[PDB]
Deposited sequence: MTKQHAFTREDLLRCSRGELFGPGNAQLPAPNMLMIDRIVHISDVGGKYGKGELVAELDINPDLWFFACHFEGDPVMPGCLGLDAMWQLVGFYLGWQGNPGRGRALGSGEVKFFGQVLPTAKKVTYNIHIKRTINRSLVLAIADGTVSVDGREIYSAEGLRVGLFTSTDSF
């Protein structure tokens, strides 16, 4: 029903309190790689099967700049990638499906730019390609920094797992 979420909405999700116990949670800091969801719907997008647009605000004091790497700070790609998985999981829970979320993998992933600590904002664009009903979603995603496209991922997969679902 709701098409945008604030950081507090996301934190409430991370405690299990948005979609309920046993259903999809975002991670909490410092794994949470999203500050807000600017748009989420289940129509339109590249494939007509939905879209998310999310943001993460950047400043030099974010933890990962210190350790990755000393004398050469850059946001880790894996974390931008996980953002995209986090977002596809959120989608599944937001649609009203039950169960806990797990990334199942992707096809191609490409990194061709970087998020430096002089950046202002990272934006994720996720396009849902298919939902299969175990319940799972396939999407493409890109990551951008102050307007500039830097990562891409094809065929991101996230599944949801109930009481009766095992890895």
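Engineer: What ranges of the deposited sequence are left out of this structure?
Structural biologist: According to the deposited record, C-alpha coordinates are absent for 1-2, 136-137, which together make up the missing parts.
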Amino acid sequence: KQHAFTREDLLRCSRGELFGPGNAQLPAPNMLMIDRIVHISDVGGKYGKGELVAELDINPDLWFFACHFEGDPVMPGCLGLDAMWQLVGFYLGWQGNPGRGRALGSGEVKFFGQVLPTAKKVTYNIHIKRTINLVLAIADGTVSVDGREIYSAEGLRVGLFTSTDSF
From here on, numbers count along this sequence of modelled residues.
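Engineer: Quick one: say whether 24-32 or 101-109 has the higher mean Cα B-factor in the deposited entry.
Structural biologist: That would be 24-32.
Engineer: Mean CA B-factor: is it higher for 61-69 or for 111-119?
Structural biologist: Looking at the record's C-alpha B-factors, the answer is 61-69.
Engineer: Which is it among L134, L56, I40, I126: the one with the largest CA B-factor in the entry?
Structural biologist: By C-alpha B-factor in the record, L134 ranks first.
Engineer: Based on the entry's values, in what third of the chain does the Cα temperature factor of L156 lie: lowest, middle or highest?
Structural biologist: Its C-alpha B-factor, which the entry lists for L156, ranks in the lowest third among residues of this chain.
Engineer: Looking at the temperature factor on the CA atom of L11, which third of the chain's modelled residues does it land in?
Structural biologist: Its C-alpha B-factor, which the entry lists for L11, ranks in the highest third among residues of this chain.
Engineer: If you rank the chain by CA B-factor, which third does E17 end up in: lowest, middle or highest?
Structural biologist: Within its chain, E17 is a highest-third residue by C-alpha B-factor, going by the deposited values.
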